[PDB]
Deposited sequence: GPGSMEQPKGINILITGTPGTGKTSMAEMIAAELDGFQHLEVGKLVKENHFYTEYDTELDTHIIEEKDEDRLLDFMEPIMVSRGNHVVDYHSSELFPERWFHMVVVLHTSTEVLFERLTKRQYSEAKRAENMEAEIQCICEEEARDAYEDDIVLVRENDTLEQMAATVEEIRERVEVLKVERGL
């Protein structure tokens, strides 16, 4: 089933600003519902060990999301991963980046353990999330944006708004 609305994915390393940006979109743009996928994964135990996610866990998540994604209205999906989702769902994929100094501080203030913080810092340096998104979706719908400041966030949301209007 083809989506009835406009669907956006916001992805990027933990701490890059996905949830913040998705909530800005849901607040500022017309008719967007935010799906915080990490919360779905927790709430529904869509994982094997919230850590290890196996093939079957992905399948169950997708079955849960499918009816939402094809429903009327617009959706802004927020998740650190992207390869798992069908290209059918999305009209835009936004990948957020953050400078290492800014990211480190966010991860500290948000209280990640030192190991998880370092793991996430390395993932950002290695461009894991961006490479995944570019491998999984058509290059023309992928927007990559530096997201260090609130001014940057707002400008990105303006670019999204412009792109959405075109799609609409």
Spell out the unmodelled ranges of the deposited sequence for me, N- to C-terminal, numbering from the first residue. 1-5, 55-60, 180-184
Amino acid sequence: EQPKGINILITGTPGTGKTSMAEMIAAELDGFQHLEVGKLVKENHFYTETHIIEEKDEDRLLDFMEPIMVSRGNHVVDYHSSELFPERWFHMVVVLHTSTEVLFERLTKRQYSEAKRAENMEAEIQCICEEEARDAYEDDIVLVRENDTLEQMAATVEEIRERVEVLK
From here on, numbers count along this sequence of modelled residues.
With B-factors read from the PDB entry, the higher C-alpha mean of 52-60 and 112-120 is in 52-60
Going by what the PDB entry lists, where does residue 134 fall on CA B-factor within its chain: lowest, middle or highest third? highest
Once the chain's modelled residues are ordered by C-alpha B factor and cut into thirds, is residue 167 in the lowest, middle or highest one? highest
Please say which third, lowest, middle or highest, residue 39 falls into when its CA temperature factor is compared across its chain. highest
Would you mind checking where the Cα B-factor of residue 140 ranks among the modelled residues of its chain, as the lowest, middle or highest third? highest
Looking at the C-alpha B-factor of residue 91, is it in the lowest, middle or highest third of its chain? lowest
